[PDB]
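If you want the building blocks of each chain, they are given just below.
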Amino acid sequence: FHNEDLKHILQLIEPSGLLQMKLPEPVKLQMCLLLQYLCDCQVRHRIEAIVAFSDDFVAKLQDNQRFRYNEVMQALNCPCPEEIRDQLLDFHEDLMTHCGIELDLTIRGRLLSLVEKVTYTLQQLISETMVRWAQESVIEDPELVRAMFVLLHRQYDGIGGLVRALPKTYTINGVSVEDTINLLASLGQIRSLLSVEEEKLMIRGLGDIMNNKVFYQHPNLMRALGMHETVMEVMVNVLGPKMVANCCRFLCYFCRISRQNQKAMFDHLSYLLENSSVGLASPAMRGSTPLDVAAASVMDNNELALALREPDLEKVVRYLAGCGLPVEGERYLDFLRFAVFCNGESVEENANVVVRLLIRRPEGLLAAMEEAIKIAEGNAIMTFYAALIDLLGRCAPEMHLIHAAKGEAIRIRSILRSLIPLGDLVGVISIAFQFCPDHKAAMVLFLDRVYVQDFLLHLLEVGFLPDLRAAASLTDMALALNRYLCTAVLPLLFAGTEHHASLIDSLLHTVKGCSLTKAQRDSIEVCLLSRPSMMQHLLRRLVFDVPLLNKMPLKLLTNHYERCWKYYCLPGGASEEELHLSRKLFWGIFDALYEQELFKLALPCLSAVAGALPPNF
Amino acid sequence: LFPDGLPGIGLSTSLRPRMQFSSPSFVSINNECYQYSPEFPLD
Amino acid sequence: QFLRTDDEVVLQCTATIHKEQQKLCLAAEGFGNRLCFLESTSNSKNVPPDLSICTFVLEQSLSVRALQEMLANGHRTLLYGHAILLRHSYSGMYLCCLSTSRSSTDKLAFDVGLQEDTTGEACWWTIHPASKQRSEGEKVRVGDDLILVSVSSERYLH
Amino acid sequence: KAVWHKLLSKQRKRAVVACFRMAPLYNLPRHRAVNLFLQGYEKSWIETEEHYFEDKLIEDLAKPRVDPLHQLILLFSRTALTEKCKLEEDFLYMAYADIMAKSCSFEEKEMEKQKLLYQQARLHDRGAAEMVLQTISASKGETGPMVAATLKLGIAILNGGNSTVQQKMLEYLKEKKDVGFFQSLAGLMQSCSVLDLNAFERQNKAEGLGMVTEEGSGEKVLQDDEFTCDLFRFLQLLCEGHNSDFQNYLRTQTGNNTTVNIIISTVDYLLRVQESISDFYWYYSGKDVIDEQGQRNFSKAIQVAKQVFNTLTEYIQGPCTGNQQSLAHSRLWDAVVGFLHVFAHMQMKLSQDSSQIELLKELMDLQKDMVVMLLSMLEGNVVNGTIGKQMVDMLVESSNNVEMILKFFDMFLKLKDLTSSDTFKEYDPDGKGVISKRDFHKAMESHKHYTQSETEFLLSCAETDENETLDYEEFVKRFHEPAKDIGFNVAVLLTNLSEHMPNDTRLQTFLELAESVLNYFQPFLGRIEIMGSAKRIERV
Amino acid sequence: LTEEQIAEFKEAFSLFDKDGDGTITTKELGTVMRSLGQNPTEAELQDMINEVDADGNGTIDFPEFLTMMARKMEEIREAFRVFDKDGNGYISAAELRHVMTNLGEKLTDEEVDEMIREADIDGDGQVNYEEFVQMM
Ligand SMILES: [Ca+2]
Ligand SMILES: [Ca+2]
Ligand SMILES: [Ca+2]
Ligand SMILES: [Ca+2]
């Protein structure tokens, strides 16, 4: 029914006919649904012109107000006192601050003209013919009566229908018209598959959404189409195999793309945690649990982490009440780690609530987890008791003085120190030199948070026993090497020969590379905080390092350990013969023509250490 | 947006998901009915 | 009708050991033994309980906020959700939660004896009803079964 | 020197921050310019007056069988009669029961009452008092947006204490022996609200590191207090005009299988509000600078606490003896114990500011709306009645906080007598509106009445403006007017206890306590005597 | 583009850089916005990254930083106009309150003269034009 037909059809019903006659009940019901279609395309026309004025208006707005603001900040700058902060706002808030005060610039006449057109025919007749029907013709069939007054109320409130129209529309370019269509063709396939293999068409349907260039570029659009609720009620309908997972993997990608998407996905957490139907692991189902959607909903944003409350964490430890035999219990404590920490520093509210609910039912641990360390003919307990420890390390009060200058952050810290002994050195030093790399770093991050330099020498022969000597043994040993570069940083804060034995083994291990320089950064400050007789003895290996220096592994070790030996030469304020070659072999590099401009300034401290202290094998 | 109304305009620059159809033949390409609908004569 | 401040009260459970209704009560000695134990009452017609060392006098009842500001440096009516300072009626010492570890299954069951130091949150016990019928904020009547939770250790009177 | 070179880096460290921050000015995407333009155009510029159209529309449906309006109400009743163990959304209902509720100087003051009573005749002639009485009994306890829309209709029908509608609500309940309505009203108040502070300090810490908050007011106060106000206001309108057949119907609920004592069930509610604002006092009690969110969480909590006292009165107002007796055995007294304890401590710290007057008026008013209640509870006393005996019994059980408020009124009433003495007026000025502080420290002291402690409290702020004096008229208008109306009811209540219940001795403590009050209002209160409906005589 | 201002922007990058591995995290930006008086949170730091995050590494790389300054933003020529309010190069004892108002640091009451007196050439009681060419 293109342009010729509707003139035949409307002027069949208009003339001002079909509508004027007397009709029975189940036909005028059919006409009412027809009459709703005309007003619906009227609404469609109003939005199509409200985007038409918009493109020309912001072309007048942006080309004025961005351009004229550039005139002000070259004629006034003074980085940001006052006039910057009026234009320093959120881009959403900038839009309301620009136009939306015009109901108290030069273009204030134009947009005020448009609202006069969008004040507002057939509105007269529909308001007339619904009255003429309902008056004389006392109506049964409540499926009709509901249908009548909708068209009456929608007529008198055409504004309010447009109020619920604008938070669905969206504007894009002619570039996107390719990938948007087969997006919508797939999305309509999922909405059609809502009522019913049935599995495989959804999996074919969902993945083709997931490879679209217009799927990341407009996550406001994907939110405005409501296609999170679309796939969720499919999954709601399925639950009481792979049909559950392959939609569930889409939700985890759905929250990762933006923060404002993740707020909309927060409101379904109540139902979502009631699914202990998947927690029997069987990877690679460990990227697709309904728990994993609950993970990515809270995963990062601290605003979302503070908003959730105590019945949510009640049900999770109610499931941990069920784990009294297991393997499912490791994934619950995986979730609560995203309930207390969320940024690198813990929250202070949820961290209190979970441990109080973790004392009301309790479940030596290092006496028990040592016995299974040679159990063979298992590991799911070895990560579990690692996980419960990894949780409790996160809900520490503060490395700041909130632990110090406050009560009520000690009361709970007293609980943490009481439930465990020191104890863990079963898992820290002893067994962890054989499973190895995942659990020793987990026990460190408990002990650092809850509990000076006497245990520095007491807890040596640690880490670099097997690892720093096996640099050519590379494969789980190789997977452990880059892992404990950063874990051994926080031990920044007699046996120093054995420490120098591991440090030279670390120097052979430092002979990934950003983290290998990070373990060097925990090493370069280590000799600065050193009785200095070991620091003078470590400088003897620095001359042994200077022999293998004058490649890049020693080039960072050249200029750093030279001034650090002068920091070790504060104690003078024997082996200066090798130091004479150390200035000579450096001068042997000086006549050879990198970072050598760093080591050249390290030569004057080598005479100043002699001016302060001395006054492949 | 305005006449100096008629909902039978022909501009319609929305997205409007397209029609596709299939002819009910009897070829041995049996995984190709399979897509849209049986066809029909329109006008 | 209402338990008030400065009335001698006792604290007793009725736990059963193989269907034998042991109506044990909490007692303590002091003056040479800084610990508490039990006193039996079920064989009252043969062995009467030594009630000189079982009775306790309530000395104070505060809101938790009033306690927290008070540590920061007439008969009243006792209310739920209040911290109380229990006093042993004979020995004069106050019931507390000692920070030691003895006579237990040795997991985290702290020790309960009786000390002298009024200050510090070790000697304050909050009262929580064992009833959804009577609730927070209202007066505790005669015979109301309840829970005592420490302020310091936050452990129940187990 | 070294600090001269230290500003050169902090110039460039700060000037680069501005180029990090001012780089977003809607520049490169023309889509994000236009897509954000619409959402801002919506939430600013649609949102206007269409609202002449209701009263024409219901006029257009109350026209000449069966009316067109009469079928519309008949649709909603027959929808609400079938058991589906739940309601619906029904956005038809959510708009039409809104439009049906949107359509509702002596002679004008009666003619406005006249044409209002015609406009509720437009609806309740056609069973509109039944779709409100059924959509409540349909939803069993759910506080959804449906049942919040029916209460806005039932309020806008009963709005004047309409007597015919209050007769139709009862005689519908009597024949259709409905348990499911009073089962629903008790469950509606069962959760309904409370101002919780653990959501506030969560947000207050989130005001620390959540910098801008757009609409985080949701869990803040009482979870949509506007529904919670509109529940009890619908309960108050069911009893204004003293339907003693209906105030006794809310109590014992005779002709049914089970009974719901709804009158105790609203006592149990405001006790949960009493503790809710006491805890919002105790947390607050030491900061003494109310920020913006501290104001608008009292003001959204005072009005609901103001409202629940107004409907508490209407169950008692007509002297129904079985109703006020059955509330005196309940736990009413703990609420008015606690509400006094908020009144003194806040007023001493709220009357120290020029910004905190807006909270002061509301908290003064709730003090009045409390004593307007326990005036009305007292009115069936004889001489030494029990309900008069218990009302003084709570007066000693919070005796220590009655002191401060009675002391607070004396500070602003004895100022109101010393206004035209010329050692108050012509002492430091002739007359200008400027006196002093230093002479005000001693011109007040040469009136000899007050202690020095009260003169400094009167010297709280009093201008905070460039002069080290105060202002004559503005201070006395804040002295006279906001504490002479509220102070009058406290004078009546102290009068009402002594004359009705004499022969108490600790009551003579309270009488000679506030003797400066009772000798200020005694030229304003009249004590007449009538024959009030019990065939006795009671003072008025 | 003139590499003088680009070398100045490298100096500004190293002023922002604290870990010194070529990439700038969010925490350096949060500390530098907290050290200059302002109070940012994680949300502002995060989306201010996400605007500049075209490289998609969560960090500030160098050439995108360079063109981001070349968008809007000499350096010390615009800074000398903060000194020269009077236009004769003098920054007097009376004019010193007009220079140091919009910095952030609370200026002292006796050490402020020692900053001049060590730096002043002959003792004209001001901070002249010659304390900018050979003082910075
Ligand atoms: Ca960095
Ligand atoms: Ca980067
Ligand atoms: Ca001058
Ligand atoms: Ca000079």
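Residues numbered from 1 in each chain as written, not as in the entry; some residues may be left out. Chains lettered and ligands numbered in written order. Part of a larger assembly, values for the part shown. Heavy atoms only, no water. Residues with missing side-chain atoms left out of burial classes, pairs and counts.

The deposited coordinates for this entry were obtained by cryo-EM, with a reported resolution of 3.9 Å.

Secondary structure assignment for chain A yields 36 helices and zero strands. Whereas a compact globule of 617 residues would reach a radius of gyration of roughly 25 Å, chain A reaches 36 Å, over 25% beyond that. (Helix = DSSP H or I, 4+ residues; strand = E, 2+ residues; numbered from the N terminus. Rg over C-alpha atoms; globule rule 2.2 N^0.38 Å.)

This part is about the overall build of chain E. What chain E contains, in helices and strands, is eight helices and zero strands. Secondary structure elements in chain E, listed N-terminal to C-terminal, are α-α-α-α-α-α-α-α. At 19 Å, chain E has a C-alpha radius of gyration far larger than the 14 Å of a compact globule built from 136 residues. For chain E, the spread of C-alpha atoms along the principal axes amounts to about 55 × 35 × 25 Å.

All names here are of chain E. When the UniProt feature table is mapped onto this chain numbering, "binding site: Ca(2+) 4" sits at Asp120, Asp122, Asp124, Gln126 and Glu131. Tracing the backbone through its elements, the reader meets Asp120 in the loop between α7 (111-119) and α8 (130-133). Residues in contact with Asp120, not counting those within four places in the same chain, are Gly125, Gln126, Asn128 and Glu131. Its location among the elements puts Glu131 in helix α8. Discounting chain neighbours no more than four positions away, the residues touching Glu131 are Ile116, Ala119, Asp120, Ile121, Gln126 and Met136. (UniProt positions renumbered as here; feature names shortened; annotations may be inferred. Contact = heavy atoms within 4.5 Å.)

What follows deals with the interface of chain E and chain A. Taken together, the contact between chain E and chain A spans six residues of the former and five residues of the latter. Among the elements that make up the side of chain E that touches chain A, the one with the highest residue count is helix α3 (residues 42-52) of chain E (four residues). Taken together, the residues that form the side of chain E that touches chain A break down as one nonpolar, two polar and three charged. (Nonpolar A, V, L, I, M, F, W, Y, C, P; charged D, E, K, R; others polar.)

Another point: the pairing of strand β7 (residues 83-88) of chain C. Residues and elements named next belong to chain C. The sheet contact formed by strand β6 (residues 56-62) and β7 spans five bridges and is antiparallel. Each residue of the ladder has a partner; that of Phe56, found in β7, is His88. Here β7 runs beside strand β10 (residues 125-129); their pairing, made up of two bridges, is antiparallel. In the sheet register, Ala83 faces β10, and the bridge partner there is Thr126. (Pairing = 2+ DSSP bridges.)

All names here are of chain A. With respect to the element layout, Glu363 can be found in the loop between α21 (350-356) and α22 (365-368). Between the alpha carbons of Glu363 and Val340 there is a distance of 19 Å; along the sequence they are 23 residues apart. Leaving out residues up to four positions away in the same chain, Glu363 has contacts with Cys323 and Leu388.

Right, let's talk about the side chain of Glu39(C) for a bit. Residues and elements named next belong to chain C. The topology assignment puts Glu39 in strand β5 (residues 36-39). One polar contact links the side chain of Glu39 to the main-chain amide nitrogen of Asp50, over a distance of 3.4 Å. The residues contacting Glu39, other than those within four sequence positions of it, are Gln22, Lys23, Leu24, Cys25, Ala27, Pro48, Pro49, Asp50 and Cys54. (Polar contact = N/O pair within 3.5 Å; in protein donor to acceptor, adjacent residues only side chain to side chain.)

With 54 residues of chain A in contact, the opposing surface of chain D contributes 47 residues. For the side of chain A that touches chain D, the secondary-structure elements that each account for two or more residues are α3 (52-75), α4 (83-87), α6 (110-117), α7 (123-136), α8 (142-156) and α9 (158-163) of chain A. The element that contributes the greatest number of residues to the side of chain A that touches chain D is α3(A), accounting for nine residues. Taken together, the residues that form the side of chain A that touches chain D break down as 34 nonpolar, 11 polar and nine charged.

Quick look at the environment of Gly58(E) now. On the secondary structure map, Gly58(E) appears in the loop between α3 and α4 (62-72). Each C-alpha atom of the pair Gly58(E) and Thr26(E) lies 8.0 Å from the other, and the pair is 32 residues apart in sequence.

As a further point, take the pattern of salt bridges. In a structure, side chains of opposite charge can pair up when their charged atoms sit close to one another. The salt bridge partner of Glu274(A) is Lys315(A), with a shortest N-O separation of 3.6 Å. Of the two residues, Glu274(A) sits in the loop between α16 (269-272) and α17 (290-298) while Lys315(A) sits in helix α19 (residues 310-322), which places them 41 residues apart along the sequence. Through salt bridges with shared partners, a single ionic network connects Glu499(D), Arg527(D), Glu529(D) and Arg539(D). (Salt bridge = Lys/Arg side-chain N within 4 Å of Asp/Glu carboxyl O.)

The next thing to look at is the side chain of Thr41(C). Structurally, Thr41(C) is set in the loop between β5 and β6. For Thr41(C), the residues in contact, after removing those within four places along its chain, are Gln22(C), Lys23(C), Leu24(C) and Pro49(C).

This part takes up the arrangement of the chains. There are six pairs of chains in contact here; the most contacts are made by chains A and D. With no contact formed, the shortest span from any C-alpha in chain B to any C-alpha in chain C equals 59 Å. Separated without contact, chain B and chain D have their nearest C-alpha atoms at a distance of 15 Å.

Backbone phi values are negative for most residues with the exception of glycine, while trans is the configuration of most peptide bonds. Residue and element names in this part refer to chain A. Put simply, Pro283 and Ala284 share a cis peptide bond, and its omega is 20 degrees. Here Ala284 shows up in the loop between α16 and α17. One non-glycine residue, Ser282, lies in the positive phi region at around 40 degrees. Its place among the elements puts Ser282 in the loop between α16 and α17.

Two elements, strand β1 (residues 8-9) of chain C and β6(C), share two bridges in a ladder whose sense is antiparallel. Bridged to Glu8(C) within β6(C) is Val57(C).

Our focus in this paragraph is the packing of helix α18 (residues 333-350) of chain D against helix α20 (residues 386-397) of chain D. Residues and elements named next belong to chain D. Between α18 and α20, the least distance of the axes is 10 Å, while the angle of their chain directions is 40 degrees. Classified by the interaxial angle, the pair formed by α18 and α20 is oblique. As for the relative orientation of α18 and α20, their crossing is right-handed in sense. Contact residues: α18 offers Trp333, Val336, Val337 and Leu340, while α20 offers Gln390, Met391 and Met394. For the contact of α18 with α20, the residue count by class is six nonpolar, one polar and no charged. (Axes fitted to C-alpha atoms, helices over the stretch in contact; angles between N-to-C directions. Parallel < 35°, antiparallel > 145°, perpendicular 65-115°, else oblique. Left-handed = near helix turned anticlockwise from the far one by under 90°.)

The next point concerns the UniProt feature "binding site: Ca(2+) 1" in chain E. Residues and elements named next belong to chain E. Look at the UniProt record and you will see "binding site: Ca(2+) 1" annotated at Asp17, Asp19, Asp21, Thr23 and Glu28. Tracing the backbone shows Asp17 in the loop between α1 (3-16) and α2 (26-35). Filtering out sequence-adjacent residues up to four positions away, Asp17 remains in contact with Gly22, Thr23, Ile24 and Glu28. Summarising the element assignment, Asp21 is placed in the loop between α1 and α2.

Chaining the aromatic ring pairs together yields one cluster made of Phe20(D), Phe9(E), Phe13(E), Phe16(E), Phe62(E) and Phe65(E). A cation over a ring is seen here: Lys28(A) above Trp133(A), with NZ or CZ 5.0 Å from the ring centre. When the ring centre of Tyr283(D) is taken as origin, the NZ or CZ atom of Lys287(D), which lies over that ring, is 3.7 Å away. (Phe/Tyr/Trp six-rings, centres within 6.5 Å; stacked < 30°, edge-to-face > 60°. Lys NZ or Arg CZ within 6 Å of the ring centre and 35° of its normal.)

A few words now on the packing of helix α13 (residues 225-236) of chain D against helix α16 (residues 292-314) of chain D. Residue and element names in this part refer to chain D. At a minimum axis separation of 9 Å, α13 and α16 run at an interaxial angle of 15 degrees. The angle between α13 and α16 places the two elements in the roughly parallel class. As α13 runs across α16, the sense of the crossing is left-handed. Two secondary-structure elements touch here, α13 through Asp225, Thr228, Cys229, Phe232, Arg233 and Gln236 and α16 through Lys300, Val304, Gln307, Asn310, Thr311 and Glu314.

Note on placement: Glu78(E) falls in helix α5 (residues 76-83). On a C-alpha basis, the gap between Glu78(E) and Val112(E) in space is 23 Å, while along the polypeptide they are 34 residues apart. Among all residues touching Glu78(E), those that are not within four sequence positions of it are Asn77(A) and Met73(E).

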